[PDB]
Amino acid sequence: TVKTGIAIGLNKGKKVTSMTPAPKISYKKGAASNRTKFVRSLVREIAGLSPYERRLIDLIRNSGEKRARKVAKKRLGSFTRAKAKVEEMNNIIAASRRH
Amino acid sequence: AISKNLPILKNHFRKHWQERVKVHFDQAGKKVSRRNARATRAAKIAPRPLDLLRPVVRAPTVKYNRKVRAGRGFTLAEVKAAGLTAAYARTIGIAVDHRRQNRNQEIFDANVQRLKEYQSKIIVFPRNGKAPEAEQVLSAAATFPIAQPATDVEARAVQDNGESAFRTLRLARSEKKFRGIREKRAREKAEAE
Amino acid sequence: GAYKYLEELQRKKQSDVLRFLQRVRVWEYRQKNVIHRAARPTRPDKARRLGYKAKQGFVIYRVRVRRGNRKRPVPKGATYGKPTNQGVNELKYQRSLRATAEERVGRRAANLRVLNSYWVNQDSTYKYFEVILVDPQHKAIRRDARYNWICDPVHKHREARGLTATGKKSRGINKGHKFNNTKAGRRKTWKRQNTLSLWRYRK
Amino acid sequence: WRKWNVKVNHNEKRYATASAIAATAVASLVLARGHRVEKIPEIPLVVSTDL
Amino acid sequence: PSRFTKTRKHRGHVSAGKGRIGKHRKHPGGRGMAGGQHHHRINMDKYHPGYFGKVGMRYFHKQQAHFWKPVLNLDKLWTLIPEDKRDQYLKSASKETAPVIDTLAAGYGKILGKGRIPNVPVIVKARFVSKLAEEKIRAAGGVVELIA
RNA sequence: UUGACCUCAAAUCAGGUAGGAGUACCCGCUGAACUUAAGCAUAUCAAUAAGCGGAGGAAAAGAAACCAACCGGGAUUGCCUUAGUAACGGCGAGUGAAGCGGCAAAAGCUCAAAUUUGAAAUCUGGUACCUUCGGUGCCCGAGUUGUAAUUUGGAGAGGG
RNA sequence: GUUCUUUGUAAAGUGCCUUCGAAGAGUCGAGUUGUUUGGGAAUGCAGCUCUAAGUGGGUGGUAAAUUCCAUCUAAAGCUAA
RNA sequence: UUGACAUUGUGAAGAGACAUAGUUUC
Ligand SMILES: [Mg+2]
Ligand SMILES: [Mg+2]
Ligand SMILES: [Mg+2]
Ligand SMILES: [Mg+2]
Ligand SMILES: [Mg+2]
Ligand SMILES: [Mg+2]
Ligand SMILES: [Mg+2]
Ligand SMILES: [Mg+2]
Ligand SMILES: [Mg+2]
Ligand SMILES: [Mg+2]
Ligand SMILES: [Mg+2]
Ligand SMILES: [Mg+2]
Ligand SMILES: [Mg+2]
Ligand SMILES: [Mg+2]
Ligand SMILES: [Mg+2]
Ligand SMILES: [Mg+2]
Ligand SMILES: [Mg+2]
Ligand SMILES: [Mg+2]
Ligand SMILES: [Mg+2]
Ligand SMILES: [Mg+2]
Ligand SMILES: [Mg+2]
Ligand SMILES: [Mg+2]
Ligand SMILES: [Mg+2]
Ligand SMILES: [Mg+2]
Ligand SMILES: [Mg+2]
Ligand SMILES: [Mg+2]
Ligand SMILES: [Mg+2]
Ligand SMILES: [Mg+2]
Ligand SMILES: [Mg+2]
Ligand SMILES: [Mg+2]
Ligand SMILES: [Mg+2]
Ligand SMILES: [Mg+2]
Ligand SMILES: [Mg+2]
Ligand SMILES: [Mg+2]
Ligand SMILES: [Mg+2]
Ligand SMILES: [Mg+2]
Ligand SMILES: [Mg+2]
Ligand SMILES: [Mg+2]
Ligand SMILES: [Mg+2]
Ligand SMILES: [Mg+2]
Ligand SMILES: [Mg+2]
Ligand SMILES: [Mg+2]
Ligand SMILES: [Mg+2]
Ligand SMILES: [Mg+2]
Ligand SMILES: [Mg+2]
Ligand SMILES: [Mg+2]
Ligand SMILES: [Mg+2]
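Taken in order, these protein sequences are the chains called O6, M3, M5, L4 and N8.
Going from the first sequence to the authors' numbering is simple: count from 1 and add 1.
Going from the second sequence to the authors' numbering is simple: count from 1 and add 1.
Going from the third sequence to the authors' numbering is simple: count from 1 and add 1.
Going from the fourth sequence to the authors' numbering is simple: count from 1 and add 105.
Going from the fifth sequence to the authors' numbering is simple: count from 1 and add 1.
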């Protein structure tokens, strides 16, 4: 950053010789891991797809990604998960029934 | 039920409020007990003081950051620089706060220095047995008063380059205000073919 | 270990392997009594992560609670009052099915202490639960510094007071701007904001 | 919850205690007050610290 | 105290000083602020014009603190220097050494310009300034240094 | 034929535990109307009374899926204040909290998810002895569908 | 304060290098109904339908798409004043 | 009372689309 040292404006605020702390591991609560990557990969090919997931990829191959998001947003919570879910499908497809 | 030129009141007394009246008839009582409590603790607590060493901290929000004020505990970094682990620092009557975070060196130094002064002015009786009687100072806080850092000098030369301060604020206000719009002209003019 | 596989597998409830499993088990349970002792967790990885332990002193109970809304008792729907209160049929119950389940085994094992409870299955009519319990008079438990807290009397019928996880959920106990009403404990924080504080030297 | 105690402004409270101290000299006042002080040396009456 | 009170005086007169005709009854006009728009409108418009209905913007979760910003006018300003020290600076009005006044440190957030300060140079440290304040300050050979 | 295991039973089986009471204060459920609005239905009374389940000497809450937007604070509880304010409201009668700041008190932590795998290292009980709120030996039993050690995000683990 | 057994070929703290770093699901979340709250395109709670991810997830008191930023680490648990 | 969703699974003929291979729907 660096603050401007005045009391309104863009990088508003008092100038302080600054420090940048050490990082909390509690900030990496999302991070993968080779262990969980491995497992999740494994479980998937055991249990396969699920009903709404089948409808997704077929909907992708037969109507495009935008119609898939729109559905998948309804199916899941929301547009952001739907984004992710469609992607995930796109990659079941590419990885498998392709290369 | 409305008359004269009176100010409109709002006395919220339409629930069974008489059932929830607290009179501190016990104000004098609690003071005593509070005091008795403290006298009893000072005893039990042997020569230790009644409180922990607390860090200096700049206060939050626009309204209070001119003031500095006792924080909770010292931060894993400050304790480290101060030459001790926190496991121990805790057994030595230093409060340590694993969630507070250093981002400001002035305060950081202040606190480490607070720990140095503390460490040097305390004395830690051996585990053993001997217990070499040494009498209690009751307040870590009284002993080591948190004070407001001096930010300038009383008097000093005048330097006027000319730029209105006022108009500087005006201008700064402005830049932020149109930061977004100008970024859209910057995008929109980049898309010129 | 296996437990990480169990965990992940169980997040695929609509998967072919899981819904076979689910349909069979839900038939079995419905044949058994509405409260019945369980031999063992059917979700060992779940139980485990909630406090379960394979030593004498831990009990598991399976229980059914009927689904749906709470039909307001009242004869013939008659409510006798203002119309805001004339409702009878979209009324929902503030505690949770899960909570009823803890409560009904709780009573069935008064000698026990409810620790926690997990969902296992449902159908149109019932939600099924496994409640994990502790025996506080069991010596295996009274020793063990980790669980003997449960042996204290302040934890008598924690399910009946909403002090189990479900209880604390519905009780609104969380930190933050979203929980002001319900957090120090709604009724208590109410009473607070409606107490009139008068000092000897009136302020 | 009737009001039993009463606030006086600290300063005025002093104005009074001060006043009352001032009238502990002023023999007429003392005399008029009960207080049998006709046959005392002088007023204020100051007695040895040894007391 | 009760002894000084007019009900003591009314004892023995029938109607407690509230009329034989029109009594003292429970709530004749209704309770509270009832009828504001009806039988109590003459008292409301006149005495409380403005009462009913709305103006401006709602502001959800307004935090007075955000807007903290006390004003100090030039009108004082020299007050924020201790007396002793003050007289010492008035005489010897000068660049090279002029007093520094942290007005934030005195807990004000804006200097405004009410009215005349002697020609002594001040160095004035503030979060905000009116145009005039900062003008009048320079006219004494001081400046405003913007802090935070 | 013999012996297991899983699951389910029985006993005046060996030892224990729950009930009821009290309920000022505490944790939940459930849940009014009189009343106020000068009428009245939303509102209000009130998340109140009555009904139900559950604790303790306090209960509950508690070491942040927090507050913030600052030069950032730092478990929870409570007092002073914020404030009759932001806000809600036939925007009517009415209602109505929070962050910051001062103060009382202070305190911190445990699991789950990990191969001990060169050695289930853990534990109920019976029993004989003892220096009996327990220890030791031995024997059934529990437990690998995981009892200990180890680690808890502030980290922390394995190698050097 | 005394005094007896040394618990150990036991246990714990710290510095550097390296490789790692497992972190709670019919939950979070969403729709809808109803209740509740100062909480306003919805403050909490519940029922039914849908139902996640791991550079993820929650919150950021005006709905939405886009792009960043800040800030914690839920769905398990104990604790005096 | 009427509809949708959930409880809800298995074959078969017939309609219906990527636009006359069979995943999917009545
Ligand atoms: Mg009141
Ligand atoms: Mg009333
Ligand atoms: Mg009292
Ligand atoms: Mg103290
Ligand atoms: Mg000793
Ligand atoms: Mg068993
Ligand atoms: Mg009724
Ligand atoms: Mg209603
Ligand atoms: Mg409220
Ligand atoms: Mg008064
Ligand atoms: Mg009076
Ligand atoms: Mg009198
Ligand atoms: Mg008289
Ligand atoms: Mg008279
Ligand atoms: Mg008379
Ligand atoms: Mg007369
Ligand atoms: Mg009169
Ligand atoms: Mg009369
Ligand atoms: Mg109004
Ligand atoms: Mg003035
Ligand atoms: Mg028997
Ligand atoms: Mg009872
Ligand atoms: Mg009610
Ligand atoms: Mg009444
Ligand atoms: Mg009325
Ligand atoms: Mg009337
Ligand atoms: Mg009427
Ligand atoms: Mg209501
Ligand atoms: Mg009652
Ligand atoms: Mg008792
Ligand atoms: Mg107490
Ligand atoms: Mg407690
Ligand atoms: Mg934590
Ligand atoms: Mg922070
Ligand atoms: Mg706090
Ligand atoms: Mg009003
Ligand atoms: Mg209310
Ligand atoms: Mg404070
Ligand atoms: Mg502790
Ligand atoms: Mg977690
Ligand atoms: Mg209700
Ligand atoms: Mg709602
Ligand atoms: Mg958004
Ligand atoms: Mg536990
Ligand atoms: Mg607790
Ligand atoms: Mg206790
Ligand atoms: Mg059925």
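Where a beta carbon is used, it is the ideal one built from N, C-alpha and C, also for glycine.
Identified DSSP bridge partners for residue i
i: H37 (chain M5); result: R63 (chain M5)
i: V63 (chain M3); result: Partner(s): none; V63 (chain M3) has no beta bridge.
i: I133 (chain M5); result: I61 (chain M5) and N117 (chain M5)
i: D103 (chain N8); result: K126 (chain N8)
i: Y127 (chain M5); result: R67 (chain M5)
Contact with chain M3 by residue i, beta-carbon distance below 8 Å
i: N117 (chain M5); result: no
i: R188 (chain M5); result: no
i: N149 (chain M5); result: no
i: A140 (chain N8); result: no
i: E135 (chain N8); result: yes
i: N74 (chain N8); result: no
i: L50 (chain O6); result: no
i: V17 (chain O6); result: yes
i: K132 (chain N8); result: yes
i: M90 (chain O6); result: no
i: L57 (chain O6); result: no
Neighbour flag for residue i against chain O6, beta carbons, 8 Å
i: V18 (chain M5); result: yes
i: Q15 (chain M5); result: yes
i: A149 (chain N8); result: yes
i: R128 (chain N8); result: yes
i: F167 (chain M3); result: no
8 Å Cβ cutoff met for residue i and residue j
i: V69 (chain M3); j: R59 (chain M3); result: yes
i: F129 (chain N8); j: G110 (chain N8); result: yes
i: residue 1 (chain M5); j: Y62 (chain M5); result: The first residue shown for chain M5 is 2 and the last is 204, placing residue 1 (chain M5) beyond what the model contains.
i: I124 (chain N8); j: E146 (chain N8); result: yes
i: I148 (chain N8); j: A134 (chain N8); result: no
i: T167 (chain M5); j: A100 (chain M5); result: yes
i: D103 (chain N8); j: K126 (chain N8); result: yes
i: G94 (chain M3); j: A151 (chain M3); result: no
i: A96 (chain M3); j: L139 (chain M3); result: no
i: residue 1 (chain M5); j: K184 (chain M5); result: For chain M5, the structure presents residues 2 to 204; residue 1 (chain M5) sits outside this window and is missing.
i: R68 (chain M5); j: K128 (chain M5); result: yes
i: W69 (chain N8); j: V63 (chain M3); result: yes
i: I47 (chain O6); j: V89 (chain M5); result: no
i: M20 (chain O6); j: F109 (chain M3); result: yes
i: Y53 (chain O6); j: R76 (chain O6); result: yes
i: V27 (chain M5); j: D124 (chain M5); result: yes
i: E103 (chain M5); j: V132 (chain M5); result: yes
Chain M5 contact for residue i (CB, 8 Å cutoff)
i: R70 (chain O6); result: no
Short CB-CB distance (under 8 Å) between residue i and chain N8
i: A95 (chain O6); result: no
i: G31 (chain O6); result: no
Distance cut 7 Å, beta-carbon to ligand 1 heavy atom: residue list by chain order
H13 (chain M3), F14 (chain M3), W18 (chain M3), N195 (chain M5) and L197 (chain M5)
In the region 87-115 of chain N8, which residues sit with their C-beta less than 9 Å from some C-beta in chain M3, listed in chain order?
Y90, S95, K96, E97, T98, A99, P100, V101, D103, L105, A106, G108 and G110
Looking at chain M3, which residues of the region 122-144 of chain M5 have a Cβ within less than 7 Å of any of its Cβ atoms?
none
Listed in chain order, which residues are found with a beta carbon closer than 7 Å to a heavy atom of ligand 4?
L51 (chain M3) and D52 (chain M3)
Listed from N- to C-terminal order along the chain, which residues in the region 54-77 of chain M3 have their beta-carbon within a distance smaller than 7 Å of any beta-carbon of chain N8?
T62, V63, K64 and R67
Using a Cβ-Cβ cut-off of less than 9 Å, list which residues of the region 22-39 of chain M3 approach chain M5; keep chain order.
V22, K23, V24, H25, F26, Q28 and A29
Chain-ordered residues, beta carbon under 6 Å from a heavy atom of ligand 13
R4 (chain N8) and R9 (chain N8)
Check your reading: residues with Cβ closer than 7 Å to ligand 18 heavy atoms
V15 (chain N8), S16 (chain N8), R21 (chain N8) and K24 (chain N8)
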